[PDB]
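Following: one structure in structure tokens, then a few remarks.
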Amino acid sequence: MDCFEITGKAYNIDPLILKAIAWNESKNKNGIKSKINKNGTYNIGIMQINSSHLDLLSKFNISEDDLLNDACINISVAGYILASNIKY
């Protein structure tokens with residue numbers, strides 16, 4: 001199974017929803033940082049996870065490089081964030 005299917009299964013999110021987010025945000029393109037948001041933060045990788053989450057993620061041994069260049073990590077982190085009541 002692909003990482004969208006695995007992640008969707010884990011967090012009870014329709015995998016098509018995750019794919020539609022990846023498509024909207026990056027056109028399913030890994031390896032890219034957005035231009036910097038007005039608030040000075042920036043969005044990372046295929047699901048465009050905001051840089052404000054890097055602190056939390058370091059506790060779990062997930063770095064910025066991982067989020068930017070590893071699509072499956074990116075996708076699984078997005079799932080966790082969307083499934084929680086952290087602001088995305």
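Quick note on naming: the chains in the structure tokens go A, B, ... in the order shown, residues restart at 1 in each chain, and ligands are numbered from 1 in order of appearance.
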Taking 5 positions as the minimum chain separation for residues in the same chain, which residues sit within 9 Å of stretch 19-34 of chain A when counting only C-alpha atoms? Answer as a list in words.
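Residues near the query, excluding close chain neighbours: residues 4, 42, 43, 44, 45, 46, 47, 48, 65, 67, 68, 69, 70, 71, 74 and 75 of chain A.
When the distance limit is 8 Å and only C-alpha atoms are what count, the residues near stretch 78-80 of chain A, minus those fewer than 4 positions from it on the same chain, are residues 7, 8, 11, 13, 18, 47, 49, 74 and 84 of chain A.
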Using N, CA, C and O atoms, can you write the selected residues to a file as a compact mmCIF listing (two decimals), in the first residue's frame?
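Writing the result to result11.txt gives the following:
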# COMPACT_ATOMS: atom_id res chain seq x y z
N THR A 7 -1.51 5.82 5.90
CA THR A 7 -1.68 6.91 6.82
C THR A 7 -3.17 7.08 7.05
O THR A 7 -3.61 7.26 8.20
N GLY A 8 -3.95 7.01 5.97
CA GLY A 8 -5.40 7.14 6.07
C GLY A 8 -6.03 6.08 6.94
O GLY A 8 -6.96 6.33 7.70
N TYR A 11 -5.29 6.81 10.83
CA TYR A 11 -5.90 7.96 11.44
C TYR A 11 -7.35 8.14 11.02
O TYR A 11 -7.94 9.19 11.29
N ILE A 13 -8.72 8.56 8.09
CA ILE A 13 -8.94 9.62 7.13
C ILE A 13 -9.02 8.92 5.80
O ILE A 13 -8.18 8.08 5.51
N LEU A 18 -6.29 12.84 1.80
CA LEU A 18 -4.85 13.11 1.90
C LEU A 18 -4.20 13.40 0.55
O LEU A 18 -3.36 14.34 0.40
N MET A 47 2.84 17.69 1.76
CA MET A 47 1.58 18.16 2.40
C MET A 47 1.72 19.56 2.96
O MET A 47 0.78 20.10 3.58
N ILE A 49 3.53 21.05 5.48
CA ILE A 49 3.44 21.17 6.91
C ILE A 49 4.17 22.46 7.35
O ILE A 49 5.30 22.74 6.91
N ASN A 74 6.52 12.87 5.53
CA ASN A 74 5.69 14.05 5.43
C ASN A 74 4.20 13.69 5.56
O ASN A 74 3.47 14.23 6.43
N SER A 84 -5.34 15.34 15.04
CA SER A 84 -5.32 15.86 16.41
C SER A 84 -6.04 17.23 16.48
O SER A 84 -6.51 17.73 15.47
Quick one: distance from atom CA of residue A:9 to atom CA of residue A:85 in Å, one decimal?
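Atom-to-atom, atom CA of residue A:9 to atom CA of residue A:85, that is 18.5 Å.
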DSSP says alpha helix (DSSP H) for which residues of chain A? Put them as a ChimeraX atom specification?
/A:3-11,15-26,54-59,64-69,71-83
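Distance check against residue A:88 using only C-alpha atoms: of A:64, A:53, A:40, A:3, the minimum falls on A:53.
Computed from the coordinates, the atom CA of residue A:83 to atom CA of residue A:1 distance equals 20.2 Å.
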